[PDB]
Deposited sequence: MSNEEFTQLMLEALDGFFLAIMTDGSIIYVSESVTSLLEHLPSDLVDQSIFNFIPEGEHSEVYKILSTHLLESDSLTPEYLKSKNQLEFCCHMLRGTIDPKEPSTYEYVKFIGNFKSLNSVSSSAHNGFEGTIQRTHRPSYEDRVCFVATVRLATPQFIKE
């Protein structure tokens, strides 16, 4: 069993995909299953902001809850960061469209992730799954 096969099965069982953002929400990575869960290609997401896909009324609380969580690191110097434990939150994400005449549709999803320094930058690596409220 390959690395890629294992993550296929785990993310299938979760109904989820992998996502990595910078602290301003800029998207640097998305795994292939976002297509069957949201009908975006990963390349439509990478280099865009996560907030381009979150309804505006949610932005304040998502950023607040991420910021507040990052403050739990004792220092913010990237070499010495390490998330103490996982962050959890839910929100909507816009779906892709074959028909732009159609009105916009959204999936309610749950994030689970951690801050982690790259390479030094601070990024949030997460699993995003379908959820219900």
property: Deposited positions lacking CA coordinates; result: 120 to 142, 157 to 161
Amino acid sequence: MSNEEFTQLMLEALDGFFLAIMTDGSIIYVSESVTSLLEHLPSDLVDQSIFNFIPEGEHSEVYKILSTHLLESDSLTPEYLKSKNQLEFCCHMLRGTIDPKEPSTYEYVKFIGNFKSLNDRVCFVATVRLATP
From here on, numbers count along this sequence of modelled residues.
query: Greater mean Cα temperature factor according to the PDB record, 102 to 110 or 31 to 39; finding: 102 to 110
query: Comparing 82 to 90 with 42 to 50, the one whose average Cα B-factor in the PDB entry is higher; finding: 82 to 90
query: Largest Cα B-factor, entry values, listed residues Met22, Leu9, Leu118, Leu19; finding: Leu118
query: Entry-reported Cα temperature factor of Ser67, expressed as the chain third it lands in; finding: middle
